[PDB]
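Here is the structure we will look at.
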Amino acid sequence: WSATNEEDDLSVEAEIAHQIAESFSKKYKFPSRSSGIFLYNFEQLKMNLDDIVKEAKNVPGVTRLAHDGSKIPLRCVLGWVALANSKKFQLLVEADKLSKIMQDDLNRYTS
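Numbering (PDB author numbering), first residue to last: 186 to 296.
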């Protein structure tokens with residue numbers, strides 16, 4: 186039988202989990218509210234990996250990239266998951282600039 190949707194989802198999750206774990210402590214740059222930057226990593230989220238992976242799959246293009254075994258846009262994913270979950274991140278970040286950086290990264294990975 187061809188791969189089922191459930192089987193493909195498991196494959197995608199294991200690929201995303203691998204890429205996120207591999208770079209879990211890597212510090213990425215995010216826009217502050219004063220024309221500066223702050224550093225953040227997946228380790229700051231204090232979320233279980235499953236919850237991180239489930240939210241990452243929502244970033245458009247990430248499921249396709251993971252299905253294909255291609256590199257995912259990790260800074261964009263982190264920004265998104267942190268925006269959805271982390272109060273400290275919310276207070277540090279300038280949302281309008283975050284939108285632009287996430288879009289720039291994501292457009293630049295999905296083509």
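Don't be surprised by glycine CBs; every beta carbon is placed ideally from N, CA and C.
Rounded to whole angstroms, what's the CA-CA distance from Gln204 to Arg249? Just pull it up for me. 14 Å
Quick check on this structure: which residue in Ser296, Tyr213, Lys239 has the alpha carbon closest to the alpha carbon of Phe227? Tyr213
Going by the DSSP bridge assignment, what does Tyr294 pair with across the sheet? Answer is none; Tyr294 lacks a bridge partner.
Under the assumption that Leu291 contacts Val238 (Cβ atoms under 8 Å), give the Cβ distance between them as a whole number of angstroms. With a Cβ gap of about 17 Å, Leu291 and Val238 do not count as contacting.
Straight-line Cα distance separating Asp289 from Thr295: 10 Å
Roughly how many angstroms lie between the CA atoms of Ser208 and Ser217, to the nearest whole one? 22 Å
Let me know if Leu195 comes out buried or exposed under the rule of 16 or more other beta-carbons within 10 Å of its beta-carbon. exposed
Among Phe223, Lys282, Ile201, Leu224, which one has its Cα closest to the Cα of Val262? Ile201
How many Å lie between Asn233 and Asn270 at the Cα? 12 Å
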